[PDB]
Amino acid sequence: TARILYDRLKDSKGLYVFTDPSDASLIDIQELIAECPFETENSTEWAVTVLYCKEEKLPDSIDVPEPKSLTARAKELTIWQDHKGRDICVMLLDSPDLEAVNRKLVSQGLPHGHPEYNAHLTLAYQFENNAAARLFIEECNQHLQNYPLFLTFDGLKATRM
């Protein structure tokens, strides 16, 4: 039932909206990555960005989404690179729910910080892609295909920045 408290934030410079995995989904993610050979963000850090908005003049009002359930399918793990070209392990999410929330925010004058919204959950921000890590990612993606994993998120949480 966590929700975007827009009017408390309407006068901020920028808007960050994220959602947190449910208790059950936290346990599901932990069991998914049980055999991971590299260190990962801990369970308190796992969050899914829904809006990264650097607009300094936010709209005065909006139609706030307030979805009733937030679901996503854990599609796969893949490797991204950060500013300094360091490897990042992220969990790609297939989520019509989160796409819809992001679209609802962007269409009302809240621009997202990337040309397309890519729902994902970052699992490791600094990551040595070695044979063990690659085997882990491969087996996890095969597991994600053989056993569909759906995640649920509890609310929408908004902060400045």
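Numbering starts at 1 and follows the sequence shown.
Of the two stretches examined, 8 to 16 and 135 to 143, the record assigns the greater average C-alpha temperature factor to 8 to 16.
Higher mean CA temperature factor, per the PDB entry, when comparing 42 to 50 with 124 to 132: 124 to 132. In the deposited entry, the Cα temperature factor of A158 sits in the bottom third of values across the chain's modelled residues. Ranked by C-alpha B-factor against the other modelled residues of its chain, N118 falls in the middle third. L58 sits in the highest third of its chain by CA B factor, as recorded in the PDB entry. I79: CA B factor in the highest third of modelled residues in this chain (values from the PDB entry). Ranked by C-alpha B-factor against the other modelled residues of its chain, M91 falls in the lowest third.
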